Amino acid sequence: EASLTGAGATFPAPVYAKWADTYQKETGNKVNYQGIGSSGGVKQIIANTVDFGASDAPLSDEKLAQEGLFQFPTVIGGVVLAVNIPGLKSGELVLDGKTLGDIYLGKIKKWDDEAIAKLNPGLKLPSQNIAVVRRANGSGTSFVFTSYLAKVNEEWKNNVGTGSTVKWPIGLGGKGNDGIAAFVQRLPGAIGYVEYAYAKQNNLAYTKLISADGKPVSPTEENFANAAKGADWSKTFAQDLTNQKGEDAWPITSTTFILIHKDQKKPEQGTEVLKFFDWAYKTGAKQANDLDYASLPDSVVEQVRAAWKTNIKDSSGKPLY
């Protein structure tokens, strides 16, 4: 039995924790996962204070080569806009990218703004002020969200840009996906971006969004999977899944990555990390779907296995898989 420690992204934390509990029950192996944000996960793996790091923002091939790291995707999730609007039920408000950007730029300040009313003809919107909530920590969810806004709102792209940390025009700061969930819950009129599981688990209302093709879509595991149907995984695991074309393609979708060292100084730990992720691919799909995360296609998991064999070795050059 081994004790493993991982750290990083809160985006997939609900599923990593579920897998860890089940894995211990079946095998006795212990996996301790710390949700400290993707930036923190990257610093930790490079500092070698953990067996594996986790980040929703992929590292470039050069940065991976420079640090002697290897990265692989685990699941596909989606970012949603959790809202606290009195009188509105979940899934009934619809927003488009342009308007969402104008809300985050501070251009739109009330829930009954003309720009929002026009997108929601049947709705009777309140003249409630909007309280914007964003991440206070270095975040892979912020990276995905800002990558999306830069595509749909030019003023956002030119003035604030994309990043795991940016100079937010307005808004209160919440720590982790759980921190944003807690804020929305306690602030009438609030809007905040979180990975879907956090909204669902906390019974938070969320909005629909207009797809890249121009149709309103609901956030569901299937619709996150739809956003990834045209990604060519054979070329690279670092796929951008925001604003993708296609029927029922959730616009703010993303996969997430695990980072491990190519030259394993503690081979026994390295071997056990791969066994845990292999077990998750083989048996953990049901748990991932229970939490509304879509699974990676079998072809992709096969590419990852082929890559483990070629890349992960001990100091004597022997493969650990």
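The numbering used is simple: start at 1 and walk along the sequence shown.
A.B. asks: For the C-alpha atoms alone, is the average B factor greater in 76 to 84 or in 127 to 135, going by the entry?
C.D. replies: Higher of the two, by average CA B-factor, is 127 to 135.
A.B. asks: Between 216 to 224 and 118 to 126, which has the higher average C-alpha B-factor in the PDB entry?
C.D. replies: Result of the comparison: 118 to 126.
A.B. asks: In terms of recorded Cα temperature factor, pick the maximum from 167, 151, 229, 208.
C.D. replies: Among 167, 151, 229, 208, the highest C-alpha B-factor in the entry belongs to 229.
A.B. asks: In this PDB entry, which of 43, 265, 30, 262 has the top CA B-factor?
C.D. replies: Result of the comparison over 43, 265, 30, 262: 265.
A.B. asks: If you rank the chain by CA B-factor, which third does residue 272 end up in: lowest, middle or highest?
C.D. replies: Middle third.
A.B. asks: Comparing residue 182 with the other modelled residues of its chain, is its CA B-factor in the lowest, middle or highest third?
C.D. replies: For residue 182, whose C-alpha B-factor we compare with every modelled residue in the chain, the answer is the lowest third.
A.B. asks: Compare the C-alpha B factor of residue 93 with those of the other modelled residues in its chain, then answer lowest, middle or highest third.
C.D. replies: For residue 93, the deposited C-alpha B-factor lands in the highest third.
A.B. asks: Hey, what third does residue 54 fall into on Cα B-factor, ranked over its chain?
C.D. replies: Ranked within chain, residue 54 CA B lands in the lowest tercile.
A.B. asks: Once the chain's modelled residues are ordered by C-alpha B factor and cut into thirds, is residue 62 in the lowest, middle or highest one?
C.D. replies: As the PDB entry reports it, the C-alpha B-factor of residue 62 lands in the highest third of its chain.
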